[PDB]
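I have placed the structure first, in the form of structure tokens, so that the comments after it can refer back to it.
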Amino acid sequence: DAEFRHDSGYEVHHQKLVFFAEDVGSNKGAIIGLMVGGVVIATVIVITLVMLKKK
């Protein structure tokens with residue numbers, strides 16, 4: 001509400017993407033998924049090599 005701006009998110013070539021966002025509906029969560037999934041990869045790898053540092 002009160003967006004007003006009309007130059008992004010607004011014209012017909014920008015709406016087909018808002019409609020693709022509703023259908024999929026993970027538009028927020030998918031991007032956080034890639035992020036915090038990446039924290040878990042990086043944390044598990046650095047842990048497991050410092051255990052393998054004793055070899």
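Counting starts with 1 at the first residue shown.
Structure determined by solution NMR.
In case you wondered, yes, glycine gets a Cβ from its N, Cα and C as well.
Annotated in Swiss-Prot:
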| type | residues | note |
| --- | --- | --- |
| BINDING | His6, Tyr10, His13, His14 | Zn(2+) 2 binding site |
| CARBOHYD | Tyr10 | O-linked glycosylation site |
| REGION | 24-51 | region 'Interaction with PSEN1' |
| TRANSMEM | 31-51 | transmembrane segment |
Conformational class of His13 (Zn(2+) 2 binding site) under the three-state DSSP mapping: helix
Number of other Cβ atoms within 10 Å of the Cβ of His14 (Zn(2+) 2 binding site) across all protein chains: 11
Remaining residues near the recorded Zn(2+) 2 site, that is with C-beta within 8 Å of the centroid of the site residues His6, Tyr10, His13, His14: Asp7, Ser8, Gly9, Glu11, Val12, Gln15
